[PDB]
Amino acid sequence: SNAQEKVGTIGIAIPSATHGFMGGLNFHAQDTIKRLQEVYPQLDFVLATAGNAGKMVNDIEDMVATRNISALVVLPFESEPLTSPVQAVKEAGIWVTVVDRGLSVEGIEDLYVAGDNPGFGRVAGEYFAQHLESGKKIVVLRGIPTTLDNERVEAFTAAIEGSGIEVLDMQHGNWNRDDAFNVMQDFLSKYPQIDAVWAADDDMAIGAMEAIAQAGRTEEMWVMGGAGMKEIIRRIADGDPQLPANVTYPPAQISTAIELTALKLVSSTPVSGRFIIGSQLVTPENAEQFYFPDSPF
């Protein structure tokens, strides 16, 4: 008959976004908090979304000073500006889970959760090696030139080593639909036979698909994207042979981090350390599991 005991308050600081990968992440964060409000009513949650680093820092300082958080789940807007702030959170005795982007100094956080970039590459590459015979021709769209893009591409390249697959070219589409369209338009102009495309990303794949359709070559090649936009997952689930498979890189990694942080507060389960969430092959057979009709991603 007494008031509900609260065992702690989880703060969640993430980049604000209404569309794209980060939009889907915002959605999964909000969805997880709603699930956990029901499962663990002894927890409270604060969610602050920030359009730049300065505002995340101020959000975090306010969360500590006035909202008495006892755990922080932070996806750093940028590594360096968030490092002393998050060290101050740790100094105050607050649990810290870092998601996605590391801080500039090591060993601050209690728990680090992120996706698997070498994994993503390798799963994609294994799919190509297992479905294309020697001498088939592909093109690759890369992301923004980055360490992360390098990890995916190196793992993919290692996985098709010795398959005899001919990689006609690789160009950067910058995880952007329009750059991707432009790159694919050029690939189509230049290469009269292309058997498959590693678009490596779902936004990039939509751009690639339109360039292919304007070229009237939709039937000629399949396309592997990445990260699981609902509209692509929808089509894979419905057996669209232009999209025979995909690879996850879950924006719901944020849900993983929040769930684990809740376990820390409500149980004695060990959840410190490093969790690299695996990338998974999506096929028509398992696609429904990955369909979030309410997601803006």
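Numbering starts at 1 and runs along the sequence shown.
Asker: When the C-alpha temperature factors are averaged for each of 53-61 and 255-263, which stretch ends up with the higher value in the entry?
Answerer: 53-61 has the higher mean C-alpha B-factor.
Asker: Between 110-118 and 219-227, which has the higher average C-alpha B-factor in the PDB entry?
Answerer: In the deposited entry, the stretch with the higher C-alpha B-factor mean is 219-227.
Asker: Highest Cα B-factor in the deposition, which of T157, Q171, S189, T97?
Answerer: That would be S189.
Asker: Where does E133 sit by CA temperature factor within its chain: lowest, middle or highest third?
Answerer: For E133, the deposited C-alpha B-factor lands in the highest third.
Asker: Based on the deposited C-alpha B factors for this chain, I'd like to know if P270 is in the lowest, middle or highest third.
Answerer: Lowest third - that is where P270 ends up once the chain's C-alpha B-factors are sorted.
Asker: Mind checking which third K90 falls in for C-alpha B-factor across the chain?
Answerer: As the PDB entry reports it, the C-alpha B-factor of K90 lands in the middle third of its chain.
Asker: Determine, from the deposited record, the chain-internal third of the Cα B-factor for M209: lowest, middle or highest.
Answerer: Its C-alpha B-factor belongs to the middle third of this chain's values.
Asker: By the record's CA B-factor, is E161 among the lowest, middle or highest third of residues in the chain?
Answerer: Ranked within chain, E161 CA B lands in the highest tercile.
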